[PDB]
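Inspection log for the structure reproduced underneath, given as structure tokens.
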Amino acid sequence: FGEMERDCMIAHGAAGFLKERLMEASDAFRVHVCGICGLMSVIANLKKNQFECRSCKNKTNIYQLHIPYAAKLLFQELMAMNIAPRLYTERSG
Amino acid sequence: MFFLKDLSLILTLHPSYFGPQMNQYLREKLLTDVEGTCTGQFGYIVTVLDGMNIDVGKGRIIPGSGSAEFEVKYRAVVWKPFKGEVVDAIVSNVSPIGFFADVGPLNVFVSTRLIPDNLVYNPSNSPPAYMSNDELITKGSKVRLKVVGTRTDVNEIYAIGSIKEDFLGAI
Amino acid sequence: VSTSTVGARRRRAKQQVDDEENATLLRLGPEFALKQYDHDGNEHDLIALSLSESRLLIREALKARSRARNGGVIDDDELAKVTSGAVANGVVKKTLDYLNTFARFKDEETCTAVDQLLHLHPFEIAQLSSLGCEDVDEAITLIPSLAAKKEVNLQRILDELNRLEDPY
Amino acid sequence: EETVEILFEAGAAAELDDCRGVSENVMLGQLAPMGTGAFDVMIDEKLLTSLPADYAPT
Amino acid sequence: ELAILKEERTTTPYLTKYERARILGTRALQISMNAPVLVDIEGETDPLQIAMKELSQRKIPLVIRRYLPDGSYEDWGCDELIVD
Amino acid sequence: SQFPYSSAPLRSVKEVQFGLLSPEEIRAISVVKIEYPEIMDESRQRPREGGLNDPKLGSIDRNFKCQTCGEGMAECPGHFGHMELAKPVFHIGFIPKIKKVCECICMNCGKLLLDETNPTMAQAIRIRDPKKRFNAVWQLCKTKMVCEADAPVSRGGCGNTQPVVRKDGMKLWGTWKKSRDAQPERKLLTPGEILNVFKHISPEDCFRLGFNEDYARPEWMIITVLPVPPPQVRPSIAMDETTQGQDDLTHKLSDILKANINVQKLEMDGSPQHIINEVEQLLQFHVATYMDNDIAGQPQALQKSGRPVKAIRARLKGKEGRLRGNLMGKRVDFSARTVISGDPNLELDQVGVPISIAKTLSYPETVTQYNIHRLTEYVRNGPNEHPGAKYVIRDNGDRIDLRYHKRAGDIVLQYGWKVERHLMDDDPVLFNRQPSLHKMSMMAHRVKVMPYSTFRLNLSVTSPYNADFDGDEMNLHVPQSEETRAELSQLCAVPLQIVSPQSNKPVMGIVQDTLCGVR
Amino acid sequence: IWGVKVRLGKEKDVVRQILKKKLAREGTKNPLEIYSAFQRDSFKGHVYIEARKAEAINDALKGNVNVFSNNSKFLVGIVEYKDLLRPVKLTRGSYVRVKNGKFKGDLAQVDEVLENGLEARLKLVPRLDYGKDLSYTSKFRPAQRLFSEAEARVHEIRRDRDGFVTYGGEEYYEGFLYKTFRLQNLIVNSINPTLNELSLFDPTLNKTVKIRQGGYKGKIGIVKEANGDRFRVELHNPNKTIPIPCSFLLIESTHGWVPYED
Amino acid sequence: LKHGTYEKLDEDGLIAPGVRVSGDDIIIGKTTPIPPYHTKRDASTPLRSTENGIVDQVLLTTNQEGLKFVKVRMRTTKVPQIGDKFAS
Amino acid sequence: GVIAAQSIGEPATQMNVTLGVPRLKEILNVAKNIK
RNA sequence: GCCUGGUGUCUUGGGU
DNA sequence: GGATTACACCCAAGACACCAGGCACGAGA
DNA sequence: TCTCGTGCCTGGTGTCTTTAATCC
Ligand SMILES: [Mg+2]
Ligand SMILES: [Zn+2]
Ligand SMILES: [Zn+2]
Ligand SMILES: [Zn+2]
């Protein structure tokens with residue numbers, strides 16, 4: 001599903017279809033982020049049901065995201081080059 | 001220490017619950033999930049005010065899943081204790097390492113190195129008590145302590161007291 | 001899980017140690033700031049409640065809801081059975097019984113008298129009502145923030161509290 | 001174009017991306033603000049109350 | 001605050017092709033998860049067909065929240081928007 | 001739904017804040033310190049703790065659970081380490097900006113050479129865009145060739161004349177004009193020297209330089225501790241089953257780690273100074289080509305095979321990199337492709353689909369009261385008889401594979417389950433021929449299942465696809481949910497596309513035989 | 001003293017070549033005016049040359065194929081000279097790590113050293129097989145385990161003393177191998193004990209079938225899948241695998257094609 | 001082990017000419033030992049998933065290094081059908 | 001936006017002053033010195 | 001008695 | 001006087017570190 | 001039986017000199 005097929009679905013205005021193709025029908029992945037620092041630094045043990053971002057000492061303000069695996073990969077490659085991509089779930093202006 | 005707090009809860013509703021009494025179901029659902037629970041951020045949520053009249057707003061439909069998301073804004077009575085706050089209590093247990101005191105929902109532990117020397121644990125007395133001459137600490141005895149430290153388990157919070165100061169003790 | 005009106009709390013360059021809850025230093029944390037906002041954005045003073053106010057509201061809310069559960073049809077042990085679940089049964093019963101053995105003004109007649117008497121930071125005004133005191137000497141020791149305010153009436157506060165106070 | 005250079009420069013000047021573009025949301029796999037995604041759908045609680053009572057949530 | 005009062009709504013009173021497609025799909029989806037259906041179902045039992053039948057009788061219980069560029073919005077019920 | 005339940009609230013991303021990772025933060029998120037370049041314990045199985053495959057960094061193996069999160073390899077994201085550098089080195093990406101900062105500040109105390117007293121300069125601080133403001137400031141201060149101790153009243157200056165800093169590969173040279181003409185002595189401006197100068201820049205001057213006190217603090221452009229990516233970023237591959245080679249990054253991190261130990265091996269004994277400069281420059285080299293191996297003006301780092309090392313920068317750029325090759329477009333499930341043939345006895349909006357393709361593709365139809373009897377019939381027929389079905393999916397997510405279920409007759413379907421049934425008549429599918437030059441390269445057709453292995457098109461749609469039947473192939477995509485079926489039929493369907501907005505006229509007509517014959 | 005960059009691994013060769021040139025030109029009208037040259041192992045890729053004039057350095061290296069042609073020589077400070085010539089453990093009872101053989105990487109105790117001073121006797125946890133597959137390398141060795149003399153007695157041995165056995169010409173005392181290694185074959189410095197060291201110290205599938213009823217009657221096939229009642233026969237004759245009911249098949253056995261009595 | 005059938009191999013590890021094969025069937029069985037019973041790993045070659053036909057001829061020999069070396073030629077017949085390409 | 005992009009580009013893919021693709025290129029590239 | 005992994009990087013020749 | 005730009009998708013066949021040093025085994029004296 | 005030579009395996013580490021147009 002190349003770049004030119006992406007554009008055709010935009011022209012049709014079929015935004016819902018395009019989202020599903022590139023996620024549920026491919027490499028959908030769940031990540032956890034810290035609500036304070038916005039990094040994917042959460043250590044999540046799901047059977048023990050305990051979460052902690054050690055940097056913020058935060059066990060309560062934590063969100064889960066659905067993003068492409070290849071996007072998760074991209075952010076870890078950016079972190080490895082000292083670039084911080086902080087994902088926040090709310091605006092502020 | 002009691003407060004009134006305006007809180008809110010994100011509720012996800014399965015589409016099979018989309019009937020004419022939807023709001024009434026949500027009102028019952030909010031109360032079952034929130035009343036009696038504790039968080040380190042606010043404390044114990046004791047009772048919610050005006051439960052049968054809460055305005056739930058409109059539900060956002062989640063794209064791709066069909067379920068509906070309500071933000072139920074509400075107002076509750078909350079109870080959180082604080083470090084530095086002097087409070088009264090009712091003793092629940094007495095042991096060689098101190099005593100345990102029920103202050104409403106939770107229990108506070110006061111250790112032995114923060115208890116004055118003249119209060120001596122007397123097991124032979126019937127009933128057992130911390131005793132003096134004009135002082136009497138049996139179960140249900142008004143005692144005055146000061147909260148010197150709050151620890152958070154995010155499920156139940158734990159506070160440690162002290163009677164190693166002026167005017168604190170039995171009255 | 002459950003959240004409030006207060007949001008974001010994004011990172012700032014200078015840290016802060018005016019956050020640690022200390023009732024002596026009037027540090028109530030970020031959730032219990034002096035000026036709060038309700039669910040419409042309107043400004044509002046922090047609502048701290050004495051033992052006497054709290055006993056009336058909680059008991060009223062439970063019996064009005066209990067009446068509502070009965071389609072519109074006193075004792076603390078009866079009022080706590082309105083809750084759902086043994087976990088809920090526990091916390092509510094223990095809170096009423098605790099208040100049952102430490103609330104001086106156990107009726108609305110005396111309580112409204114105390115309400116009008118007390119109604120200047122809002123937290124201190126609520127502290128004075130919760131902690132019974134005899135004299136001015138006893139109030140500024142256990143609550144050392146009342147020291148440098150230079151506005152007593154304290155004695156007439158304690159006299160009215162103790163006079164309204166029924167025998168036991 | 002200039003893919004890596006943009007991102008290095010974006011880091012050094014702490015750029016904020018407000019996620020309003022189509023391309024931003026597509027690569028993060030979120031419903032883009034276009035066409036069928038240009039609005040939200042809410043549940044009409046008022047219109048549900050005209051249904052009979054035996055359809056009610058318990 | 002952001003919400004625009006009913007008397008002052010300015011956006012178009014016709015259902016757009018994009019709003020129509022989203023309404024039909026969302027309502028179809030809810031029916032396949034066993035939401036209560038508001039019309040009589042005769043012979044046509046496909047999820048999409050039932051949703052299209054409800055649309056034609058103005059009986060879909062949903063509200064469109066149309067966002068305007070500044071972030072404000074007008075809520076329009078699908079019961080009141082005119083469908084061609 | 002394929003994700004196990006988690007109590008954390010689900011939200012979407014509204015903002016991406018870029019910035020730099022401070023040295024302190026890198027240690028705060030790290031789960032292990034990395035010191036030894038020997039990957040294996042002693043080639044006797046189980047990899048060495050503190051080594052580059054320390055199991056705390058994560059699992060890429062189906063049988064070892066992560067010792068940090070307890071999750072299987074599928075869910076486990078991987079956790080970063082950190083590698084302490086004996087000496088701070090430059091980040092190769094930020095050198096030209098570092099160079100720009102030197103001409104702006106005092107090379108002793110670090111203060112901005114101009115004040116609001118200068119009228120043109122007071123106009124330049126008003127510029128709202130940080131990048132343009134920084135450039136406007138530097139455009140003024142560039143000609144200011146001495147840091148004044150005194151206002152043009154002390155400004156905090158040290159009085160020193162400032163050097164003209166020049167870049168020479170990975171090294172920066174500064175030429176100071178000692179006080180007509182005399183002799184100037186240009187000494188090397190090491191990273192460590194510049195590092196200390198940057199920490200003394202005030203918060204007020206940090207803002208005026210377009211940097212940001214919380215997110216992009218200027219001393220963080222110098223690297224002191226390197227984040228060690230988890231094995232998911234650099235997986236091992238097995239060339240011929242029992243022989244595995246390592247990723248280019250794994251070999252390159254070994255080289256940085258070896259080179260790091262030798263800097264520790266110098267400062268405690270035999271250092272003939274001229275040797276310290278050869279070993280420190282080599283650490284700078286390896287850290288540079290680890291991030292960017294296309295540095296202009298110097299030879300590329302090479303693998304022993306002779307071909308250049310695949311640096312991180314090269315991973316992201318170009319047609320096959322992460323952005324253009326995996327994010328703006330990617331390979332997808334539920335697709336099919338074959339040679340096309342025409343059929344005049346199909347409706348305009350139909351597509352003839354070979355039986356074999358129709359048994360491989362599937363649609364997950366939710367079980368309801370109105371179709372439960374119908375769907376049970378499909379389950380008994382199984383995966384090999386059409387019309388049939390391949391899986392039954394419970395609300396928990398466990399799939400029952402109907403190829404291997406010998407007690408298929410004992411399944412009773414519950415409402416809310418899903419049955420992945422075969423593709424069947426009148427299902428909408430998206431049909432597509434490359435190159436997709438305009439929007440009618442992708443239209444929704446109704447399936448008609450047919451024998452033989454070509455896709456069938458009614459002849460009047462050949463024109464918008466610019467298709468013919470001389471060997472062309474076309475692609476078919478199957479929507480996977482109730483919402484997208486409706487989007488296809490109500491927006492993308494063939495009859496809606498008869499008139500195109502390109503030239504307010506039709507793009508399909510009667511063609512070839514039928515047009516010749518109708519005359 | 002000048003330093004000069006040379007091809008890695010060729011430092012000793014360059015020092016040699018300089019000596020030959022010096023000695024060959026002694027007493028001639030054009031002597032090589034260097035005094036000495038040397039190369040330190042710790043300083044890879046460098047040779048140091050002692051002289052009075054820089055021109056002599058160029059003279060010493062002229063035509064040397066191991067020297068980089070770039071005019072890269074550098075001057076050493078007098079205060080740096082002696083450090084260039086700095087020449088620089090092992091005690092009985094201490095631990096070392098073995099550098100060669102099947103015991104490569106293993107921790108060992110130093111038991112004793114040879115009189116001459118070259119090889120050291122090491123106490124080692126053995127890696128033995130008790131001759132199990134006889135009629136070794138470090139990649140195909142055995143796990144470590146103390147020598148068990150009763151296991152050797154049972155399976156495959158000379159008693160030499162209390163707790164001392166010679167087994168396959170190696171000595172084991174109280175379960176440990178005692179074996180001599182060159183001192184150059186052990187590591188004595190910066191040893192890091194490991195975690196482990198701290199702990200220690202249906203019956204018709206795939207059978208050929210003939211079909212006896214239906215349109216495919218008389219054709220050979222193989223049972224590809226036999227889930228229940230409906231079989232999957234991979235027919236031989238056209239490249240197709242069919243679904244077929246069990247009443248329709250004959251199976252091959254010892255004597256001919258047999259109906260469902262097999 | 002691979003998911004396909006191993007029942008067409010003879011005892012020498014090689015399939016014999018004349019046997020029809022379908023996709024994913026193993027036609028050459030080979031193992032590799034696992035370094036440090038139950039010591040080997042499969043390294044066998046399956047027929048390409050999209051193909052079928054008859055094994056025609058099997059060459060067995062040794063290579064320049066002296067180890068065993070096999071080639072298996074498979075033949076099938078392709079019959080023109082809808083979709084096949086032709087040209088004058 | 002996208003509709004505009006495709007509507008202009010598609011005719012170009014099948015097509016003494018400069019005309020056709022070289023002239024089109026000068027416009028988008030807003031060259032300072034046209035041919 | 002459920003789960004079930006087979007490579008990569010290039011180069012060259014082709015199809016529309 | 002420097003890089004960056006240079007259609008899209010797809011198929012298939014055809015390939016893979018070097019040198020030096022040390023240790024062990026075998027053969028010859 | 002001892003010594004020397006050759007071969008194989010494992011570990012560590014590079015270098016004789018020898019396609020064209022655009023803008024910024
Ligand atoms: Mg063609
Ligand atoms: Zn955090
Ligand atoms: Zn993990
Ligand atoms: Zn200065």
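Ordering of the structure tokens sets the chain letters (A, B, ...); residue numbers start at 1 within each chain; ligands are numbered from 1 in the order shown.
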* Quick one: residues within 10 Å of residue 11 in chain C, only C-alpha atoms (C1' of nucleotides) counted, chain neighbours fewer than 2 positions away excluded, as number ranges by chain? -> A: 36-37; C: 8-9, 13-15; F: 214-215
* Output the contact residues of chain D with respect to chain A at a cut-off of 6 Å, based on only C-alpha atoms, as a ChimeraX atom specification. => /D:28-29,31,35-37
* To do: Name the residues of chain I that fall into alpha helix (DSSP H) according to DSSP on the backbone, using the chain letters and numbers of this document, as a PyMOL selection string.
  => chain I and resi 2-12+20-28
Same residues, C-alpha atoms, output as a PDB file, in the first residue's frame:
```pdb
ATOM      1  CA  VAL I   2      -5.498  16.482  -3.291  1.00  0.00           C
ATOM      2  CA  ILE I   3      -8.165  16.626  -6.021  1.00  0.00           C
ATOM      3  CA  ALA I   4      -6.472  19.734  -7.430  1.00  0.00           C
ATOM      4  CA  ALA I   5      -3.078  18.013  -7.380  1.00  0.00           C
ATOM      5  CA  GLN I   6      -4.292  14.983  -9.314  1.00  0.00           C
ATOM      6  CA  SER I   7      -6.391  17.051 -11.754  1.00  0.00           C
ATOM      7  CA  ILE I   8      -3.328  19.026 -12.867  1.00  0.00           C
ATOM      8  CA  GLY I   9      -0.781  16.215 -12.793  1.00  0.00           C
ATOM      9  CA  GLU I  10      -2.695  13.531 -14.701  1.00  0.00           C
ATOM     10  CA  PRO I  11      -2.933  15.458 -18.064  1.00  0.00           C
ATOM     11  CA  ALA I  12       0.784  16.277 -17.825  1.00  0.00           C
ATOM     12  CA  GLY I  20       4.621  20.934 -22.366  1.00  0.00           C
ATOM     13  CA  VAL I  21       6.500  19.497 -19.398  1.00  0.00           C
ATOM     14  CA  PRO I  22       9.649  21.750 -19.603  1.00  0.00           C
ATOM     15  CA  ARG I  23       7.507  24.885 -19.403  1.00  0.00           C
ATOM     16  CA  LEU I  24       5.359  23.441 -16.575  1.00  0.00           C
ATOM     17  CA  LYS I  25       8.578  22.710 -14.675  1.00  0.00           C
ATOM     18  CA  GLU I  26       9.696  26.375 -14.884  1.00  0.00           C
ATOM     19  CA  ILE I  27       6.447  27.502 -13.240  1.00  0.00           C
ATOM     20  CA  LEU I  28       6.383  25.180 -10.201  1.00  0.00           C
TER      21      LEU I  28
END
```
Contacts to ligand 4 at 6 Å cut-off (only C-alpha atoms (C1' of nucleotides) and all ligand atoms) as a short mmCIF file (atom, residue, chain, number, x, y, z; two decimals) with N, CA, C and O atoms, in the first residue's frame:
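Output file selection_20.cif is given in full below:
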```cif
data_model
loop_
_atom_site.label_atom_id
_atom_site.label_comp_id
_atom_site.auth_asym_id
_atom_site.auth_seq_id
_atom_site.Cartn_x
_atom_site.Cartn_y
_atom_site.Cartn_z
N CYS F 106 30.18 34.91 24.66
CA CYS F 106 31.54 35.11 25.15
C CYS F 106 32.20 33.78 25.45
O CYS F 106 31.62 32.94 26.14
N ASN F 108 34.31 33.00 27.51
CA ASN F 108 34.77 32.89 28.89
C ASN F 108 33.56 32.76 29.81
O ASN F 108 33.48 31.80 30.58
N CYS F 109 32.62 33.71 29.76
CA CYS F 109 31.47 33.64 30.65
C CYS F 109 30.16 33.29 29.95
O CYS F 109 29.20 32.92 30.63
N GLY F 110 30.08 33.42 28.63
CA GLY F 110 28.90 32.98 27.92
C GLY F 110 27.72 33.93 27.86
O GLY F 110 26.57 33.47 27.91
N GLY F 157 30.70 41.03 31.06
CA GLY F 157 31.73 40.61 30.14
C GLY F 157 33.06 40.42 30.83
O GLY F 157 33.29 40.85 31.97
N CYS F 158 33.97 39.76 30.12
CA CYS F 158 35.30 39.47 30.62
C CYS F 158 36.39 40.22 29.86
O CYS F 158 37.56 40.14 30.24
#
```
Surroundings of ligand 3 up to 10 Å, based on only C-alpha atoms (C1' of nucleotides) and all ligand atoms, as a short mmCIF file (atom, residue, chain, number, x, y, z; two decimals) with C-alpha atoms, in the first residue's frame:
```cif
data_model
loop_
_atom_site.label_atom_id
_atom_site.label_comp_id
_atom_site.auth_asym_id
_atom_site.auth_seq_id
_atom_site.Cartn_x
_atom_site.Cartn_y
_atom_site.Cartn_z
CA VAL A 42 6.74 2.92 31.41
CA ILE A 43 7.49 -0.48 32.87
CA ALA A 44 4.22 -2.38 32.79
CA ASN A 45 3.72 -5.75 34.43
CA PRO F 55 18.59 -9.85 29.29
CA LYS F 56 17.32 -6.78 31.16
CA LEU F 57 17.26 -4.93 27.82
CA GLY F 58 14.66 -7.34 26.52
CA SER F 59 13.76 -10.61 24.85
CA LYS F 65 10.52 -13.65 29.46
CA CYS F 66 11.72 -10.10 30.03
CA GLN F 67 13.30 -9.72 33.45
CA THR F 68 11.90 -6.19 33.70
CA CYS F 69 8.25 -6.32 32.62
CA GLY F 70 7.37 -10.02 32.73
CA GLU F 71 5.66 -9.86 29.32
CA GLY F 72 6.26 -12.08 26.33
CA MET F 73 8.38 -10.96 23.38
CA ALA F 74 5.28 -9.89 21.44
CA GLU F 75 4.13 -7.31 23.99
CA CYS F 76 7.53 -6.33 25.45
CA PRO F 77 8.71 -3.05 23.89
CA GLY F 78 12.28 -3.29 25.02
CA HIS F 79 14.02 -1.10 27.55
CA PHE F 80 17.00 1.18 27.06
CA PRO F 230 17.15 -2.52 23.06
#
```
* To do: Using only C-alpha atoms, select each residue of chain B with any atom at most 12 Å away from an atom of chain F, and give the selection as a list in words.
  =>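 Listed by rising number, the hits are residues 9, 10, 11, 12, 14, 15, 16, 62, 63, 64, 65, 66 and 69 of chain B.
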What does the file look like for those residues with N, CA and C atoms, as an mmCIF file, in the first residue's frame?
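Output saved as selection12.cif:
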```cif
data_model
loop_
_atom_site.group_PDB
_atom_site.id
_atom_site.type_symbol
_atom_site.label_atom_id
_atom_site.label_comp_id
_atom_site.auth_asym_id
_atom_site.auth_seq_id
_atom_site.Cartn_x
_atom_site.Cartn_y
_atom_site.Cartn_z
ATOM 1 N N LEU B 9 -15.161 11.016 36.008
ATOM 2 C CA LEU B 9 -14.799 9.649 35.686
ATOM 3 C C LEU B 9 -15.148 9.353 34.240
ATOM 4 N N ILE B 10 -14.211 8.767 33.512
ATOM 5 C CA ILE B 10 -14.459 8.328 32.148
ATOM 6 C C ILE B 10 -15.098 6.952 32.223
ATOM 7 N N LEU B 11 -16.299 6.845 31.672
ATOM 8 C CA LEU B 11 -17.061 5.610 31.618
ATOM 9 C C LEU B 11 -17.250 5.166 30.178
ATOM 10 N N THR B 12 -16.936 3.904 29.914
ATOM 11 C CA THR B 12 -17.129 3.311 28.602
ATOM 12 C C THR B 12 -18.336 2.392 28.653
ATOM 13 N N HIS B 14 -20.963 -0.256 26.679
ATOM 14 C CA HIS B 14 -21.125 -1.154 25.552
ATOM 15 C C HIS B 14 -22.438 -0.815 24.846
ATOM 16 N N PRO B 15 -22.490 -0.934 23.509
ATOM 17 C CA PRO B 15 -23.692 -0.510 22.762
ATOM 18 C C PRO B 15 -24.991 -1.204 23.138
ATOM 19 N N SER B 16 -24.938 -2.435 23.644
ATOM 20 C CA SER B 16 -26.127 -3.159 24.095
ATOM 21 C C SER B 16 -26.832 -2.526 25.297
ATOM 22 N N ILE B 62 -16.585 5.889 20.225
ATOM 23 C CA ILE B 62 -15.201 5.569 19.864
ATOM 24 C C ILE B 62 -15.102 5.053 18.437
ATOM 25 N N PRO B 63 -14.354 5.728 17.557
ATOM 26 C CA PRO B 63 -14.188 5.245 16.180
ATOM 27 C C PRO B 63 -13.586 3.849 16.123
ATOM 28 N N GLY B 64 -14.238 2.961 15.383
ATOM 29 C CA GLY B 64 -13.726 1.628 15.159
ATOM 30 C C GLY B 64 -14.171 0.573 16.147
ATOM 31 N N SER B 65 -14.799 0.956 17.253
ATOM 32 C CA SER B 65 -15.224 -0.008 18.259
ATOM 33 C C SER B 65 -16.687 0.100 18.648
ATOM 34 N N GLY B 66 -17.371 1.190 18.321
ATOM 35 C CA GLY B 66 -18.793 1.255 18.593
ATOM 36 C C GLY B 66 -19.197 1.634 20.005
ATOM 37 N N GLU B 69 -18.303 6.635 25.147
ATOM 38 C CA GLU B 69 -17.513 7.205 26.232
ATOM 39 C C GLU B 69 -18.221 8.401 26.849
#
```
